[PDB]
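The form deposited in one PDB entry is given below as one chain in structure tokens.
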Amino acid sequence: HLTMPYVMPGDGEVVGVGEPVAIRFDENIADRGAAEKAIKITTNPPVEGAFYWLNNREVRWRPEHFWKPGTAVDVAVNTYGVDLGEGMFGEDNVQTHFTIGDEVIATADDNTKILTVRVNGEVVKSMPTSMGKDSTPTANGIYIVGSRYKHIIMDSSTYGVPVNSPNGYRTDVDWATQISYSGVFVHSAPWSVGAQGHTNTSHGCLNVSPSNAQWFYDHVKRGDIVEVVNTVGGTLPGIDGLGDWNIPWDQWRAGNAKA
């Protein structure tokens, strides 16, 4: 009947302007309100933020707008002995201190088929891309950068689609940067370098050149932003895991502490 929290990002990390604070618990939290009250977030410079739950075990906190570069963030999860409902008690306190690095925002525009990277306002890179083909389009929205992989075997069964079923796949991929928990990545796509900038051919990922994918791997960090615009797809869910910013501030602020 004890639940331990885990906070992200990790102590000492430098993260991009889209990185929310994340407190994950190893058990469903009955009393979200108690959990929220136990978590103190301090920022310098000070900015307003708010909690919103992505599922029964993980709550997120972020501001209305992307963080200002340079901001220092302190999180104290003071859950030791707190009654979190249905007879579950916080097993422990946890903490983290982190800082916000440079503003890196990349936009993938399906009308141009170009992924442009802006660092602190200025364009530093302009990569042709090939996104989701019309029958499996890439969703528009704001994506937060997660993990990066030098090499990875991309397998659709990970995400509930059998490899040998119509939209299935299993492929070795290089220089992959994760941007949704649903399995969207910016990655090396040596096969479609002729289609990149012209035609969408993917299952939903952002195909770029091997060298552009390596650059993206090397120069993006956790919490940087990728925005996809003008596709024929839907909208990344706000509760994806990396889709937090697609929930409008009015709704995020109001929260969901009583659900």
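Counting begins at 1, following the sequence as shown. Each form is matched to the other, and the largest set of C-alpha atoms that superpose within 1.5 Å is called the rigid core. Residues that one form lacks are left out of the comparison.
Only in words, not in the display: the form deposited in another entry, which the text now covers.
Visitor: Please find the residue from 167, 112, 126, 93 showing a Cα shift of 2 angstroms or more between this form and the one not shown, rigid core superposed.
Guide: The one that moves 2 Å or more is 167.
Visitor: Relative to the superposed rigid core, does residue 83 relocate between this form and the one not shown - that is, does its Cα move 2 Å or more?
Guide: Result for residue 83: no, shift under 2 Å.
Visitor: If the two forms are fitted on the core, does residue 156 show a Cα displacement reaching 2 angstroms between this form and the one not shown?
Guide: Yes: residue 156 shifts by at least 2 Å between this form and the one not shown.
Visitor: With the core fixed, which bits of the chain, 3+ residues long, show every Cα moving 2 Å or more between this form and the one not shown?
Guide: Only one moving run appears between this form and the one not shown, namely 155 to 170.
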